[PDB]
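Below is one structure, written out as structure tokens; the observations come after it.
Please treat every number below as a calculation from the coordinates, not as lab data. Positions of Cβ are backbone-derived with ideal geometry, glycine not excepted, and every protein chain shown enters the neighbour counts.
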There are 2 protein chains.
Amino acid sequence: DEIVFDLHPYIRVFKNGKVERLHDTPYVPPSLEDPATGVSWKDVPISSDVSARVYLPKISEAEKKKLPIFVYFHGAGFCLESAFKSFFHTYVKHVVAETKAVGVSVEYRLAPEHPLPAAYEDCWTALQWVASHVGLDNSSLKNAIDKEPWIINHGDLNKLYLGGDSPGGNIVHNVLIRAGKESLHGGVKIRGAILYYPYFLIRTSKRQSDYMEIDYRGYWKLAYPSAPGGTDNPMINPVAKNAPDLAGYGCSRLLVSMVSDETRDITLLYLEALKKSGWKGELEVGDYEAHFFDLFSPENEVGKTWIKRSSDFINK
Amino acid sequence: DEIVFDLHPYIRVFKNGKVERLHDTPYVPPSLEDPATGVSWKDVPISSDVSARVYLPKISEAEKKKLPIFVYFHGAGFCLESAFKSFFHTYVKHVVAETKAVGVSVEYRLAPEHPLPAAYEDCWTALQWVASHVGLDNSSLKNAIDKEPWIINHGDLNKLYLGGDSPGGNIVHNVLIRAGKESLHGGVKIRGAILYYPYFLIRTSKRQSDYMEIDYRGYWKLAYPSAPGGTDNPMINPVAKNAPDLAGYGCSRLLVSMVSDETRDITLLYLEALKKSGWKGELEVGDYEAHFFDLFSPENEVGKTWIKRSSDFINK
């Protein structure tokens with residue numbers, strides 16, 4: 001009955017420790033050869049704490065080479081939604097259908113039940129599980145209970161991509177820093193990453209709207225209550241004094257995408273820092289006149305454009 | 001806002017066609033090597049409409065032969081719960097851990113969104129998908145996108161069992177009649193089936209409680225509104241005048257289990273009919289002094305007894 005934290009319409013926490021997410025989109029079960037898209041998906045165990053939705057597009061006998069692998073870390077606050085719920089599942093399904101990629105959409109542990117850095121560790125665990133397929137054939141499945149045939153048969157570990165939106169984009173950033181410090185299994189490398197609307201807190205020269213100065217900062221306090229340095233913690237402020245060098249990103253290619261709202265001023269400060277960092281790689285930028293939610297649906301022109309832009313990046 | 005069907009605390013249907021299931025237990029995601037039990041599970045696509053939770057127990061290098069396969073059809077009204085929700089998932093996890101079996105718990109379509117016979121067709125689709133593993137090795141996965149390595153490597157199709165509780169037991173009955181009329185792929189046969197508390201409507205000689213005469217019959221009207229003959233439809237009344245011969249069950253061994261409530265009088269009429277039918281097979285009966293829900297949890301003595309009884313049946 002008793003409420004300790006209230007964020008309508010997204011999340012409520014009760015005194016008894018119950019968490020309610022009334023806005024969250026519905027669960028969508030596994031499906032073989034979706035009528036609309038031809039895509040198939042399956043929910044696989046990675047650890048006792050981590051799982052993922054794997055996606056396989058419809059493949060023609062003529063299309064003889066393994067596909068790029070797209071590993072996705074969903075957004076929504078560090079505290080909402082699921083790889084298995086309609087919002088992110090439908091988007092990933094469309095990116096997989098357009099790109100012709102093996103998808104891996106990570107079900108990481110949410111705050112506040114599991115504060116950061118749980119999400120970061122879970123997304124690293126999932127990316128290492130993808131990399132662990134290096135050099136395997138179907139005979140590996142006799143003794144490895146956790147390996148995914150769709151990756152063994154249809155996924156090219158020379159074409160490994162990350163993606164994330166909002167806090168998921170923040171997770172991509174933190175995973176790329178870790179990938180520069182710690183090699184993935186078998187020397188697998190991340191070829192590229194797509195950060196859409198990444199969740200960063202950087203001090204703009206001019207005060208922004210109350211939404212940016214209050215609400216937008218509040219997600220970090222909910223996600224990581226004990227964060228050393230608060231909103232200047234390097235995991236949320238990538239240009240903090242003590243922050244890891246952006247030159248250390250463990251990938252060669254980046255697509256960073258923004259829409260025409262106040263977050264664009266923070267993303268521009270991130271891009272300025274990345275460009276000055278001496279990161280050795282190709283940076284591409286999407287800069288759209290649109291609302292954030294529009295880009296997830298191909299039912300919108302800008303969504304069709306964005307999903308095609310993602311496909312063109314992964315397939316370059 | 002507007003309610004057309006009300007069954008507290010289980011299910012409410014709105015004028016706008018929305019269905020609310022407020023009592024349903026929580027979703028439990030895929031997990032590798034569950035700390036409590038050692039079991040692993042994974043949600044796999046079978047068709048555009050059907051999926052299943054597959055289970056693998058912890059297997060020792062010494063345990064060198066493929067395991068029995070246990071295909072489960074959950075109960076709860078034809079209208080509630082999921083293979084992926086805690087109630088049935090936890091029970092199947094415990095049966096798999098005790099038995100040392102490959103589990104396949106079918107996510108069939110529920111009423112009222114999908115009236116019967118949808119559940120019956122979906123459980124047949126899932127059993128045929130299990131049978132479709134006959135003779136496959138790991139090389140099959142190059143060109144068959146839907147096959148499950150845990151069945152290929154660890155499941156013995158010579159040791160194929162069904163199980164179901166309440167309406168799930170009704171589904172086992174209807175699937176066994178179909179299996180007598182239609183061979184499974186590759187000549188695979190059902191070795192045995194476990195019907196716990198099967199949902200049947202048979203006329204007792206004496207009127208029972210109002211719960212049995214009203215509420216208990218109501219699930220059939222909700223599940224199959226247009227059923228020819230209503231509660232005398234052969235799919236719910238297995239001794240109806242026009243009903244398929246029980247001798248035609250497509251398995252050799254049955255365990256039928258009852259508890260000490262009024263459903264026992266209907267199950268006894270079913271068992272009398274099965275015994276008189278000239279079905280060629282071994283019938284075992286569990287007859288427990290207990291409450292229906294007690295047998296699903298090994299935290300109860302009778303639950304421990306029942307899960308061990310199921311294991312002893314599958315492993316005979």
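Just name the residue that is nearest to the other protein chains (Cβ to nearest Cβ) out of those in region A:153-176 that are out of contact with any helix residue (DSSP H, G or I) (no Cβ under 6 Å at 6 or more places or on another chain) and part of a helix (DSSP H, G or I).
Residues of region A:153-176 that are out of contact with any helix residue (DSSP H, G or I) (no Cβ under 6 Å at 6 or more places or on another chain), as a first pass: A:154-160, A:163, A:165-170, A:172-173, A:176.
Next, from what is left, pick out any that are part of a helix (DSSP H, G or I): A:154, A:167-170, A:172-173, A:176.
Numbers: A:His154: 8, A:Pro167: 19, A:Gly168: 18, A:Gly169: 23, A:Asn170: 22, A:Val172: 22, A:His173: 25, A:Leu176: 26 Å.
Out of the qualifying residues, it is A:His154.
Where the second residue is not in a loop (DSSP other than H, G, I, E, B) and the first is on the phi > 0 side of the Ramachandran plot and lies in region A:49-62, which pairs have Cβ atoms under 6 Å and are six or more apart or on separate chains?
If the second residue must be not in a loop (DSSP other than H, G, I, E, B), no pairs are left.
I'd like the full set of residues that are touching a strand residue (DSSP E or B) at 6+ places or on another chain (Cβ under 9 Å) and of a type in the set (A, V, I, L, M, F, W, C), limited to region A:98-112. Before you say what the answer is, go through the steps one by one.
Going through region A:98-112, the residues touching a strand residue (DSSP E or B) at 6+ places or on another chain (Cβ under 9 Å) turn out to be A:99-108, A:110, A:112.
Across region A:98-112, the qualifying residues are A:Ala101, A:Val102, A:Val104, A:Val106, A:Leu110.
Read through the list (1) aliphatic (A, V, I, L, M); (2) surrounded by 14 or more Cβ atoms within 10 Å (Cβ to Cβ); (3) outside any strand (DSSP E or B), then give the number of the only condition that A:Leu195 fails.
All conditions are met except number (3).
Here is a yes/no grid of residues against (1) assigned to a loop (DSSP other than H, G, I, E, B); (2) of a type in the set (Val, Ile, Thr); (3) surrounded by fewer than 15 Cβ atoms within 10 Å (Cβ to Cβ):
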position: B:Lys280; (1), (2), (3): yes, no, yes
position: B:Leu283; (1), (2), (3): no, no, yes
position: B:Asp287; (1), (2), (3): no, no, yes
position: B:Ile307; (1), (2), (3): no, yes, no
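Please go through region A:125-149 and pick out each residue that is facing another protein chain (nearest Cβ under 9 Å) and part of a helix (DSSP H, G or I).
Across region A:125-149, the qualifying residues are A:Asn138, A:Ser139, A:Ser140, A:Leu141, A:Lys142, A:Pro149.
All but one of (1) touching a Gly at 6+ places or on another chain (Cβ under 9 Å); (2) buried (at least 17 other Cβ atoms within 10 Å of the Cβ) hold for A:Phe87; which doesn't?
Status for A:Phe87: all satisfied but (1).
Among the residues of region A:47-66, write down those that are among the aliphatic types (A, V, I, L, M) and either crowded, with 24+ Cβ neighbours inside 10 Å or under 17 Å from B:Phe84 (Cβ atoms) (or both). Full working, then the answer.
At the first step, the residues of region A:47-66 found to be among the aliphatic types (A, V, I, L, M) are A:50, A:52, A:54, A:56, A:59, A:62.
Answer for region A:47-66, where residues must be among the aliphatic types (A, V, I, L, M) and either crowded, with 24+ Cβ neighbours inside 10 Å or under 17 Å from B:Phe84 (Cβ atoms) (or both): A:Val50, A:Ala52, A:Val54, A:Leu56.
Mind checking which residues of region A:237-261 are hydrophobic (A, V, I, L, M, F, W, C) and part of a loop (DSSP other than H, G, I, E, B)? Break it down stepwise before answering.
At the first step, the residues of region A:237-261 found to be hydrophobic (A, V, I, L, M, F, W, C) are A:239-240, A:243, A:246-247, A:251, A:254-256, A:258-259.
Once the filter is applied, which keeps residues that are hydrophobic (A, V, I, L, M, F, W, C) and part of a loop (DSSP other than H, G, I, E, B), region A:237-261 yields A:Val239, A:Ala240, A:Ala243.
State which residue pairs qualify: first residue farther than 12 Å from A:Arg203 by Cα and inside region A:257-268, second residue of a type in the set (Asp, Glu) in any location, beta carbons under 8 Å apart, and separation of 6 or more residues or different chains.
A:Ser257/A:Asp287; A:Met258/A:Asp287; A:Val259/A:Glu289; A:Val259/A:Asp294; A:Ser260/A:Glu289; A:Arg264/A:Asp287
Quick grid of which residues meet (1) within 17 Å of the chain's Cα centre (by Cα); (2) surrounded by 21 or more Cβ atoms within 10 Å (Cβ to Cβ):
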| site | (1), (2) |
| --- | --- |
| B:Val175 | yes, yes |
| B:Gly187 | no, no |
| B:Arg191 | yes, no |
| B:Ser209 | no, no |
| B:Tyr216 | no, no |
| B:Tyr224 | no, yes |
| B:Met235 | yes, yes |
| B:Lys241 | no, no |
| B:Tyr249 | yes, yes |
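Quick one: which strands (runs of 3 or more DSSP E) lie wholly within region A:27-102 and hold at least 3 residues that are within 13 Å of chain B (Cβ to nearest Cβ) and under 25 Å from A:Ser132 (Cα atoms)? Give the derivation first.
Working: elements: A:40-45, A:51-56, A:67-73.
In region A:27-102, the matching strands (runs of 3 or more DSSP E) lie at A:40-45, A:51-56.
What are the pairs with Cβ atoms under 6 angstrom where one residue, in region A:1-21, is within 13 Å of A:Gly218 (Cβ to Cβ) and the other, located anywhere, is not charged (D, E, K, R)? Sequence gap at least six, or different chains.
A:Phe5/A:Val13; A:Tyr10/A:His23; A:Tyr10/A:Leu80; A:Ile11/A:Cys79
Being surrounded by fewer than 22 Cβ atoms within 10 Å (Cβ to Cβ) and in contact with a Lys or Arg (Cβ under 9 Å, 6 or more places away or on another chain) is the filter; apply it to region B:116-130 and report the residue that is nearest to B:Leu7 (Cα to Cα). I'd like the intermediate steps shown before the answer.
To start, the set of residues in region B:116-130 that are surrounded by fewer than 22 Cβ atoms within 10 Å (Cβ to Cβ) comprises B:117-118, B:120-121, B:124-125, B:128.
Still in the list and also in contact with a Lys or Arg (Cβ under 9 Å, 6 or more places away or on another chain): B:118, B:120-121, B:124.
Values: B:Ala118: 22, B:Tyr120: 23, B:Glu121: 26, B:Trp124: 29 Å.
Within region B:116-130, the match that is nearest to B:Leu7 (Cα to Cα) is B:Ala118.
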